[PDB]
Amino acid sequence: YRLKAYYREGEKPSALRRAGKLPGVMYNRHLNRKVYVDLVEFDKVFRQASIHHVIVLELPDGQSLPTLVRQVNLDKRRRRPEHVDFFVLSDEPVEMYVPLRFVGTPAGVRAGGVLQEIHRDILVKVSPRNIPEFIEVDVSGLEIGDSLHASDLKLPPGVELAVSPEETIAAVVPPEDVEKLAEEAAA
Amino acid sequence: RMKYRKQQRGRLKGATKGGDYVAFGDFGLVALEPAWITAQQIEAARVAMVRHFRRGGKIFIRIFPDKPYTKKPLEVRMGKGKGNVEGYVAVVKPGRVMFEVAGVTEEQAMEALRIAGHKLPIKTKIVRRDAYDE
Amino acid sequence: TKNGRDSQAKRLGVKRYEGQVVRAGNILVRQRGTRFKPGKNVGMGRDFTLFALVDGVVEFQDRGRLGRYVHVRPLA
Amino acid sequence: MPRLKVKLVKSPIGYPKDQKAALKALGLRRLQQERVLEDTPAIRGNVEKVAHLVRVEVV
RNA sequence: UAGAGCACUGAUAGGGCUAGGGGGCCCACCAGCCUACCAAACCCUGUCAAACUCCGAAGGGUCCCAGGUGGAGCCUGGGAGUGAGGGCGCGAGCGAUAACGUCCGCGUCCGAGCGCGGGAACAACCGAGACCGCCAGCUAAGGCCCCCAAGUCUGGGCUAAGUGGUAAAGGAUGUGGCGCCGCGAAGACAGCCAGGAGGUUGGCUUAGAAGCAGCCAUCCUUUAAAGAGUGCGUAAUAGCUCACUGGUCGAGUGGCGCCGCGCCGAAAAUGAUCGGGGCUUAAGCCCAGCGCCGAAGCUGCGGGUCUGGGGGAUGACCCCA
RNA sequence: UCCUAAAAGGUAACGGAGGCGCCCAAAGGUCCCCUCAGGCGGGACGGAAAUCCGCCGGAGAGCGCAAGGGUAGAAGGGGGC
RNA sequence: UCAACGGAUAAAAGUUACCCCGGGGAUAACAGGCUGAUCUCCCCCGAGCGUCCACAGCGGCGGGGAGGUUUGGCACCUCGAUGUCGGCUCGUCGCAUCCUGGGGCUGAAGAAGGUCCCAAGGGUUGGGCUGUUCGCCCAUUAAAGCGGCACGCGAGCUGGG
RNA sequence: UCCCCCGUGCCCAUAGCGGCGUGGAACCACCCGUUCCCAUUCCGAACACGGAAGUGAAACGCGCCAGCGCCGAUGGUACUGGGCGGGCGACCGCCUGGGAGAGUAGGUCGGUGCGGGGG
Ligand SMILES: [Mg+2]
Ligand SMILES: [Mg+2]
Ligand SMILES: [Mg+2]
Ligand SMILES: [Mg+2]
Ligand SMILES: [Mg+2]
Ligand SMILES: [Mg+2]
Ligand SMILES: [Mg+2]
Ligand SMILES: [Mg+2]
Ligand SMILES: [Mg+2]
Ligand SMILES: [Mg+2]
Ligand SMILES: [Mg+2]
Ligand SMILES: [Mg+2]
Ligand SMILES: [Mg+2]
Ligand SMILES: [Mg+2]
Ligand SMILES: [Mg+2]
Ligand SMILES: [Mg+2]
Ligand SMILES: [Mg+2]
Ligand SMILES: [Mg+2]
Ligand SMILES: [Mg+2]
Ligand SMILES: [Mg+2]
Ligand SMILES: [Mg+2]
Ligand SMILES: [Mg+2]
Ligand SMILES: [Mg+2]
Ligand SMILES: [Mg+2]
Ligand SMILES: [Mg+2]
Ligand SMILES: [Mg+2]
Ligand SMILES: [Mg+2]
Ligand SMILES: [Mg+2]
Ligand SMILES: [Mg+2]
Ligand SMILES: [Mg+2]
Ligand SMILES: [Mg+2]
Ligand SMILES: [Mg+2]
Ligand SMILES: [Mg+2]
Ligand SMILES: [Mg+2]
Ligand SMILES: [Mg+2]
Ligand SMILES: [Mg+2]
Ligand SMILES: [Mg+2]
Ligand SMILES: [Mg+2]
Ligand SMILES: [Mg+2]
Ligand SMILES: [Mg+2]
Ligand SMILES: [Mg+2]
Ligand SMILES: [Mg+2]
Ligand SMILES: [Mg+2]
Ligand SMILES: [Mg+2]
Ligand SMILES: [Mg+2]
Ligand SMILES: [Mg+2]
Ligand SMILES: [Mg+2]
Ligand SMILES: [Mg+2]
Ligand SMILES: [Mg+2]
Ligand SMILES: [Mg+2]
Ligand SMILES: [Mg+2]
Ligand SMILES: [Mg+2]
Ligand SMILES: [Mg+2]
Ligand SMILES: [Mg+2]
Ligand SMILES: [Mg+2]
Ligand SMILES: [Mg+2]
Ligand SMILES: [Mg+2]
Ligand SMILES: [Mg+2]
Ligand SMILES: [Mg+2]
Ligand SMILES: [Mg+2]
Ligand SMILES: [Mg+2]
Ligand SMILES: [Mg+2]
Ligand SMILES: [Mg+2]
Ligand SMILES: [Mg+2]
Ligand SMILES: [Mg+2]
Ligand SMILES: [Mg+2]
Ligand SMILES: [Mg+2]
Ligand SMILES: [Mg+2]
Ligand SMILES: [Mg+2]
Ligand SMILES: [Mg+2]
Ligand SMILES: [Mg+2]
Ligand SMILES: [Mg+2]
Ligand SMILES: [Mg+2]
Ligand SMILES: [Mg+2]
Ligand SMILES: [Mg+2]
Ligand SMILES: [Mg+2]
Ligand SMILES: [Mg+2]
Ligand SMILES: [Mg+2]
Ligand SMILES: [Mg+2]
Ligand SMILES: [Mg+2]
Ligand SMILES: [Mg+2]
Ligand SMILES: [Mg+2]
Ligand SMILES: [Mg+2]
Ligand SMILES: [Mg+2]
Ligand SMILES: [Mg+2]
Ligand SMILES: [Mg+2]
Ligand SMILES: [Mg+2]
Ligand SMILES: [Mg+2]
Ligand SMILES: [Mg+2]
Ligand SMILES: [Mg+2]
Ligand SMILES: [Mg+2]
Ligand SMILES: [Mg+2]
Ligand SMILES: [Mg+2]
Ligand SMILES: [Mg+2]
Ligand SMILES: [Mg+2]
Ligand SMILES: [Mg+2]
Ligand SMILES: [Mg+2]
Ligand SMILES: [Mg+2]
Ligand SMILES: [Mg+2]
Ligand SMILES: [Mg+2]
Ligand SMILES: [Mg+2]
Ligand SMILES: [Mg+2]
Ligand SMILES: [Mg+2]
Ligand SMILES: [Mg+2]
Ligand SMILES: [Mg+2]
Ligand SMILES: [Mg+2]
Ligand SMILES: [Mg+2]
Ligand SMILES: [Mg+2]
Ligand SMILES: [Mg+2]
Ligand SMILES: [Mg+2]
Ligand SMILES: [Mg+2]
Ligand SMILES: [Mg+2]
Ligand SMILES: [Mg+2]
Ligand SMILES: [Mg+2]
Ligand SMILES: [Mg+2]
Ligand SMILES: [Mg+2]
Ligand SMILES: [Mg+2]
Ligand SMILES: [Mg+2]
Ligand SMILES: [Mg+2]
Ligand SMILES: [Mg+2]
Ligand SMILES: [Mg+2]
Ligand SMILES: [Mg+2]
Ligand SMILES: [Mg+2]
Ligand SMILES: [Mg+2]
Ligand SMILES: [Mg+2]
Ligand SMILES: [Mg+2]
Ligand SMILES: [Mg+2]
Ligand SMILES: [Mg+2]
Ligand SMILES: [Mg+2]
Ligand SMILES: [Mg+2]
Ligand SMILES: [Mg+2]
Ligand SMILES: [Mg+2]
Ligand SMILES: [Mg+2]
Ligand SMILES: [Mg+2]
Ligand SMILES: [Mg+2]
Ligand SMILES: [Mg+2]
Ligand SMILES: [Mg+2]
Ligand SMILES: [Mg+2]
Ligand SMILES: [Mg+2]
Ligand SMILES: [Mg+2]
Ligand SMILES: [Mg+2]
Ligand SMILES: [Mg+2]
Ligand SMILES: [Mg+2]
Ligand SMILES: [Mg+2]
Ligand SMILES: [Mg+2]
Ligand SMILES: [Mg+2]
Ligand SMILES: [Mg+2]
Ligand SMILES: [Mg+2]
Ligand SMILES: [Mg+2]
Ligand SMILES: [Mg+2]
Ligand SMILES: [Mg+2]
Ligand SMILES: [Mg+2]
Ligand SMILES: [Mg+2]
Ligand SMILES: [Mg+2]
Ligand SMILES: [Mg+2]
Ligand SMILES: [Mg+2]
Ligand SMILES: [Mg+2]
Ligand SMILES: [Mg+2]
Ligand SMILES: [Mg+2]
Ligand SMILES: [Mg+2]
Ligand SMILES: [Mg+2]
Ligand SMILES: [Mg+2]
Ligand SMILES: [Mg+2]
Ligand SMILES: [Mg+2]
Ligand SMILES: [Mg+2]
Ligand SMILES: [Mg+2]
Ligand SMILES: [Mg+2]
Ligand SMILES: [Mg+2]
Ligand SMILES: [Mg+2]
Ligand SMILES: [Mg+2]
Ligand SMILES: [Mg+2]
Ligand SMILES: [Mg+2]
Ligand SMILES: [Mg+2]
Ligand SMILES: [Mg+2]
Ligand SMILES: [Mg+2]
Ligand SMILES: [Mg+2]
Ligand SMILES: [Mg+2]
Ligand SMILES: [Mg+2]
Ligand SMILES: [Mg+2]
Ligand SMILES: [Mg+2]
Ligand SMILES: [Mg+2]
Ligand SMILES: [Mg+2]
Ligand SMILES: [Mg+2]
Ligand SMILES: [Mg+2]
Ligand SMILES: [Mg+2]
Ligand SMILES: [Mg+2]
Ligand SMILES: [Mg+2]
Ligand SMILES: [Mg+2]
Ligand SMILES: [Mg+2]
Ligand SMILES: [Mg+2]
Ligand SMILES: [Mg+2]
Ligand SMILES: [Mg+2]
């Protein structure tokens, strides 16, 4: 996805927000710059984009850059972004969380139950060349009380995980109900 | 539970840490206003939620009551309240995420998460999940 | 309702700060245990008190894993 | 540097003791009183506190 | 310490993992296998703590150096009064996140400034520290439609409640403003004419359960169209109806979210009222700007006194601060 | 002793919690030597836990007693005088 | 264990409705006030009940508030005195309405009733028991309302408590 | 001036854990033995003495690695001296000066002073 950035310096972050320009930063092992996109704009983009999909930043230097969103700090009290970080990628093995499609409705979901998707993305070492829009998961052999860890994954080429081989991806869990109430309040 | 004894009141200054983001679940309920939420108040919302979608998905409870609630039996001034009469409470400041629902449709989360809001002493708000993570 | 107890305050802490002239043997720091260790011309008594052994000025120094030391850099 | 002119305008009444003493050090007797003096670091320091009670010119 | 943090002490929701416990098949040689149960330890997710801290400010404290001649400071000594305090702002405990409550800390004003202007009135809220005189002058807070000094001032919005003239969850096609989404001249929204169906009477329970009590759920066919179904209704039907398509029509229209002012929620005791009268493109609310009234504050002029300094060999007395 | 106590000291309430009215001729002085708790494995009686060996294990042990601060580069355990 | 721990003697407990003096609203009891936990009423949510059907009628779990009749908290005027329960006389005001008037809904055929809304104008009985307030009861009624006024009213009365 | 090793101090984890490689000529360790000095609550394990032969295994020196530990910005927010405004309140906002913790980017398998032997 693409987005038009702007250069910043001494101006008050508070003042920028007044107008509608969300401040932020861009950087890597070599770069580091005070910047600010337009909020309403960034929203449209970041909503779709997220920290999984790359963004092409466009400065008034004609400069295009393949920046990944590192973190976005929010205004506690009525949620809303205050300030962003953009990691300028290059071509080296970078790690980063990437999406997760749990396709197929497990034995539990069928017999009444709940798919608890512990994760919705995975920290994996990877090249800027590789940006698998997702990673499918055959989660269907899941009975009530079962789980799916990292060890089980459809890892595309060149994509090694950075997390643990044990760390769980998701699980099916029992569905709370009203009959449960009788027992709970009693004991 | 265990801890120790009775605990001072302390104020509820700005909702700084008073808050979070949606952890698990499809939707959730946030506090717009600071308050002490009682044990009873909590369970009230819970059981409400379930009762709404019988045999339903999963309700998360991000808040938890650990402050002892002191109170005097209709007397005057010796010692500190035997307290614990309402029992215990949770410090909810503006922003905090209190309940997550998952495994249901919007019209269910909206309704249930709303009904719960009727048990809470506070103005509240129900969130989708935007995308803002970390 | 038993609780009205307490002990009287012991008023302890650093008594003379860094960059302060000191006479022969006046106290410099009163401390609970060994929040501070001796140093150049600086001994310590039973209660872990730290006092000057000579005149001159007091200087502090943090030695990390070692401890925090306090000594008098004399002159005359 | 330039000498500072400093006129007192808002009554120091009710204002914390410290500032009471600043207006004293700045030689600011009574209200609406003019007062021109050197711009040193320590002079400003006082004029600093009592800002909300004085307007500063430059001469 | 505020903050924040979870590395110690504890607390904690969910999941992974895994000792011990529960309960079934399988047993007696004791073993094993399950477990939409209980649960230590460990892990990830997420979080709490006055008496928890890996971390940690603003700030405060003290020494040195400098400014600082002030009803400053220090030393000896004569004289005291005071040892009920009070309210307000802030930071805590107690209290019920009650009290013109209480108890500390920092500050402040009343005390003793119930002297002066503002707040209708009112120790302590805003303004200001009264030596005396003046039928002079500028301003402070506040205020400038009349009671009542001074603008029925200028410009741009909002409010129709007398809101303003002082109540909460919660509610609602009040009105104004910004934003995103979808529909529409290949005809939208509304209304209005026609169908709105077939196996089906969906499967399961129930005396009964025909889209239509309760439970489980995701077919295709005639078609341009009609949901294993929206709401009523019968004992159960049919029924009427939305959904749904096509025509009439002719231009806009439906929704989501943010902001400003207002509406409901709103019941008391001697007579009413925002101080009053009155006020509606305001005399209300928000933004901007010029002017003016307004204290015992400040300036002008005169006098008193005390201190300090300068003139006075001279005292006396004279000038000045 | 700790908190309240607002990062100097201090600081109240019939505020929140707990101890003291002793003990030790060694539990004292010094010289020399020595380093725990706990977790896993191996071991006849033992048996979750005696004692033995291995490995990991910076202080979670210990310091006569409450709590805090300190602390194995000893204040902790042993010995000689 | 001078432990009441800065320790008055070497050496010490009760009682007063028979009581008294000096003081205090610096401090209780009455009342007022502030507060509103308790109290009275209203409201939000709607699990559920009512064959069907959430409000004809009802409402778990929890939430917001009004009023200032009760119980209470505080100690502010009043201790050089503000007489305290009940009755009696005379009342007057509120309205959250007991009756009569008007109205929507109804699980309203009619008659009768349920419930909410409007509405103080006037009305709101006599006796037994007890100091009683309160309450139970007898016989009636259109009805036998609740509450404020120092729980109105002792320089008006009574004086059972 | 330089390099190797040895003894010692300093900053006090960017120096540490683990992994891999490396040197015994000098140095150091281990190794030989326990008559003597001296020593084990028992053991020459340890400390101690005499001393070639063997060895670089262990220990240690050096170096490469980041997986763990450790260091870790920038921007931004919390909070906050001082000044001002708002709500009945529980609270909230503005100005001026200060400004973290966490997390991110990234760094690290150290640096250096004196003395002594060795080319
Ligand atoms: Mg694919
Ligand atoms: Mg409460
Ligand atoms: Mg009492
Ligand atoms: Mg889902
Ligand atoms: Mg969904
Ligand atoms: Mg509610
Ligand atoms: Mg609410
Ligand atoms: Mg809401
Ligand atoms: Mg986030
Ligand atoms: Mg005390
Ligand atoms: Mg103490
Ligand atoms: Mg004390
Ligand atoms: Mg203390
Ligand atoms: Mg100061
Ligand atoms: Mg004057
Ligand atoms: Mg922890
Ligand atoms: Mg954790
Ligand atoms: Mg846990
Ligand atoms: Mg747990
Ligand atoms: Mg757990
Ligand atoms: Mg479980
Ligand atoms: Mg088992
Ligand atoms: Mg098990
Ligand atoms: Mg078992
Ligand atoms: Mg059996
Ligand atoms: Mg079985
Ligand atoms: Mg059998
Ligand atoms: Mg089992
Ligand atoms: Mg692990
Ligand atoms: Mg861990
Ligand atoms: Mg974790
Ligand atoms: Mg982790
Ligand atoms: Mg703390
Ligand atoms: Mg610390
Ligand atoms: Mg850390
Ligand atoms: Mg740090
Ligand atoms: Mg200073
Ligand atoms: Mg000086
Ligand atoms: Mg004197
Ligand atoms: Mg006193
Ligand atoms: Mg006082
Ligand atoms: Mg005072
Ligand atoms: Mg005061
Ligand atoms: Mg108060
Ligand atoms: Mg004064
Ligand atoms: Mg007056
Ligand atoms: Mg007033
Ligand atoms: Mg006064
Ligand atoms: Mg006054
Ligand atoms: Mg004028
Ligand atoms: Mg003016
Ligand atoms: Mg003005
Ligand atoms: Mg105008
Ligand atoms: Mg206008
Ligand atoms: Mg009004
Ligand atoms: Mg509202
Ligand atoms: Mg609304
Ligand atoms: Mg609408
Ligand atoms: Mg068409
Ligand atoms: Mg049909
Ligand atoms: Mg059928
Ligand atoms: Mg059938
Ligand atoms: Mg049919
Ligand atoms: Mg039917
Ligand atoms: Mg299919
Ligand atoms: Mg019919
Ligand atoms: Mg039938
Ligand atoms: Mg039909
Ligand atoms: Mg529109
Ligand atoms: Mg009403
Ligand atoms: Mg304006
Ligand atoms: Mg203006
Ligand atoms: Mg001008
Ligand atoms: Mg004057
Ligand atoms: Mg004059
Ligand atoms: Mg003279
Ligand atoms: Mg003379
Ligand atoms: Mg002369
Ligand atoms: Mg003469
Ligand atoms: Mg003369
Ligand atoms: Mg003259
Ligand atoms: Mg202490
Ligand atoms: Mg402490
Ligand atoms: Mg302190
Ligand atoms: Mg302390
Ligand atoms: Mg402070
Ligand atoms: Mg302080
Ligand atoms: Mg505190
Ligand atoms: Mg301190
Ligand atoms: Mg307390
Ligand atoms: Mg004795
Ligand atoms: Mg001995
Ligand atoms: Mg061991
Ligand atoms: Mg092992
Ligand atoms: Mg064995
Ligand atoms: Mg054993
Ligand atoms: Mg064993
Ligand atoms: Mg330690
Ligand atoms: Mg102990
Ligand atoms: Mg101890
Ligand atoms: Mg301490
Ligand atoms: Mg200790
Ligand atoms: Mg300790
Ligand atoms: Mg320690
Ligand atoms: Mg310890
Ligand atoms: Mg020793
Ligand atoms: Mg010892
Ligand atoms: Mg000894
Ligand atoms: Mg005594
Ligand atoms: Mg005695
Ligand atoms: Mg004493
Ligand atoms: Mg006696
Ligand atoms: Mg007697
Ligand atoms: Mg008596
Ligand atoms: Mg008497
Ligand atoms: Mg008698
Ligand atoms: Mg008698
Ligand atoms: Mg008698
Ligand atoms: Mg008698
Ligand atoms: Mg007598
Ligand atoms: Mg008397
Ligand atoms: Mg009083
Ligand atoms: Mg009273
Ligand atoms: Mg109330
Ligand atoms: Mg009750
Ligand atoms: Mg009530
Ligand atoms: Mg109400
Ligand atoms: Mg009602
Ligand atoms: Mg509900
Ligand atoms: Mg509903
Ligand atoms: Mg039913
Ligand atoms: Mg329902
Ligand atoms: Mg229930
Ligand atoms: Mg109930
Ligand atoms: Mg209720
Ligand atoms: Mg409540
Ligand atoms: Mg309630
Ligand atoms: Mg309530
Ligand atoms: Mg209530
Ligand atoms: Mg009362
Ligand atoms: Mg008082
Ligand atoms: Mg009198
Ligand atoms: Mg009288
Ligand atoms: Mg009415
Ligand atoms: Mg009624
Ligand atoms: Mg009627
Ligand atoms: Mg009828
Ligand atoms: Mg009716
Ligand atoms: Mg009697
Ligand atoms: Mg009667
Ligand atoms: Mg009456
Ligand atoms: Mg009364
Ligand atoms: Mg009364
Ligand atoms: Mg009376
Ligand atoms: Mg009488
Ligand atoms: Mg009477
Ligand atoms: Mg009477
Ligand atoms: Mg008589
Ligand atoms: Mg009698
Ligand atoms: Mg009598
Ligand atoms: Mg050379
Ligand atoms: Mg040379
Ligand atoms: Mg050195
Ligand atoms: Mg090796
Ligand atoms: Mg060799
Ligand atoms: Mg041999
Ligand atoms: Mg031998
Ligand atoms: Mg021999
Ligand atoms: Mg010999
Ligand atoms: Mg020999
Ligand atoms: Mg020896
Ligand atoms: Mg031996
Ligand atoms: Mg020999
Ligand atoms: Mg060789
Ligand atoms: Mg070799
Ligand atoms: Mg080697
Ligand atoms: Mg090595
Ligand atoms: Mg760190
Ligand atoms: Mg960091
Ligand atoms: Mg920063
Ligand atoms: Mg500030
Ligand atoms: Mg401030
Ligand atoms: Mg300012
Ligand atoms: Mg206010
Ligand atoms: Mg940081
Ligand atoms: Mg981290
Ligand atoms: Mg990294
Ligand atoms: Mg390293
Ligand atoms: Mg290494
Ligand atoms: Mg050298
Ligand atoms: Mg050399
Ligand atoms: Mg050489």
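What counts and how
- Residues numbered from 1 in each chain as written, not as in the entry; some residues may be left out.
- Chains lettered and ligands numbered in written order.
- Part of a larger assembly, values for the part shown.
- Heavy atoms only, no water.
- Core = buried A, V, L, I, M, F, W, Y, C linked by side-chain atoms within 4.5 Å.
- Buried < 20%, exposed > 50% of the residue type's maximum accessible area, 1.4 Å probe, protein only.
- Helix = DSSP H or I, 4+ residues; strand = E, 2+ residues; numbered from the N terminus.
- Contact = heavy atoms within 4.5 Å.
- Pairing = 2+ DSSP bridges.
- Axes fitted to C-alpha atoms, helices over the stretch in contact; angles between N-to-C directions.
- Parallel < 35°, antiparallel > 145°, perpendicular 65-115°, else oblique.
- Left-handed = near helix turned anticlockwise from the far one by under 90°.
- Nonpolar A, V, L, I, M, F, W, Y, C, P; charged D, E, K, R; others polar.
- Patch = residues over 30% accessible without salt bridge, like charges linked within 9 Å, V, L, I, M, F, W, Y side chains within 5 Å.
- Areas by Shrake-Rupley, 256 points an atom, 1.4 Å probe, with all protein chains shown as cover.
- Salt bridge = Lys/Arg side-chain N within 4 Å of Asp/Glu carboxyl O.
- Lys, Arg positive; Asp, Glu negative; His and termini not counted.
- Charge placed at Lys NZ, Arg CZ, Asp CG, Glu CD.
- Near = heavy atom within 4 Å.

Per the deposited record, the coordinates in this entry were obtained by X-ray crystallography to a resolution of 3.000 Å.

Draft legend 1. Representation of the nonpolar core. Residues and elements named next belong to chain B. Counting residues in each nonpolar core, the largest one holds 26 residues, and the members touching the most others are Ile37, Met49, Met98, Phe99 and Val101. For this core, the elements supplying multiple residues, two or more each, are strand 1 (27-31), strand 2 (35-38), helix 1 (39-52), strand 5 (87-92), strand 6 (97-102) and helix 2 (106-117). The element that contributes the greatest number of residues to this core is helix 1, accounting for five residues. Those residues in contact with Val101 that lie beyond four places of it in its chain are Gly25, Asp26, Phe27, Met49, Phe53, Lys58, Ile59, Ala109 and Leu113.

Draft legend 2. Up close: the pairing of strand 6 (residues 81-88) of chain A. Residues and elements named next belong to chain A. In the sheet, strand 2 (residues 21-27) pairs with strand 6 via four bridges, with the strands oriented parallel. Bridging from a neighbouring strand, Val25 pairs with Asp85 of strand 6. Where strand 5 (residues 64-74) meets strand 6, seven bridges bridge the pair, whose relative direction is antiparallel. Pairing of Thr67 across the sheet is with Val88, part of strand 6. Connecting strand 5 to the next strand, strand 6, in antiparallel fashion are six residues, including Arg77 with a positive phi near 80°.

Draft legend 3. Representation of the sheet that holds strand 5 of chain B. Residue and element names in this part refer to chain B. Sheet architecture is open: three strands sit in the order 2-5-4, paired in antiparallel fashion. Sheet topology places strand 2 and strand 4 (67-69) at the edges, where each strand pairs with a single neighbour. This sheet shows a mean twist of 45° between the axes of neighbouring strands, independent of strand direction. Here strand 2 pairs with strand 5 via four bridges, running antiparallel. Its bridge partner being in strand 5, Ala35 is matched across the sheet by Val92. Here helix 1 sits on the sheet and contacts strand 2 and strand 5; the angle it forms with strand 2, its principal contact strand, is near 65°.

Draft legend 4. How the structure looks around the packing of helix 1 of chain B against helix 2 of chain B. Residues and elements named next belong to chain B. Across the interface, helix 1 lies against helix 2 with an axial gap of 8 Å and an inter-helix angle of 150°. As the angle between them shows, helix 1 and helix 2 are arranged roughly antiparallel. Here helix 1 runs over helix 2; the crossing is right-handed. For the pair helix 1 and helix 2, the contacting residues are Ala45, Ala48, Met49 and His52 in the first and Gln108, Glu111, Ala112, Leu113, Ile115 and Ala116 in the second. Of the residues that constitute the contact of helix 1 with helix 2, the class distribution is seven nonpolar, two polar and one charged.

Draft legend 5. Up close: a positive patch on the surface. Taken together, the side chains of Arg1, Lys3, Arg5, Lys6, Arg9, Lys80 and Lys82 of chain B together with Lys2 and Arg5 of chain C present a region of like positive charge at the surface. Of note, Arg5 of chain B is situated in the segment before strand 1.

Draft legend 6. Broad picture of the protein's contact with RNA strand H. As a matter of local geometry, RNA strand H sits amid 35 residues, with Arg8, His83 and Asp85 of chain A, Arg65 of chain C together with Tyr15 of chain D nearest to it. Protein-proximal atoms of RNA strand H, defined as those within 4 Å of the protein, fall in sugar or phosphate at a share of 85%. Residue classes in the surface near RNA strand H are distributed as eight nonpolar, eleven polar and 16 charged.

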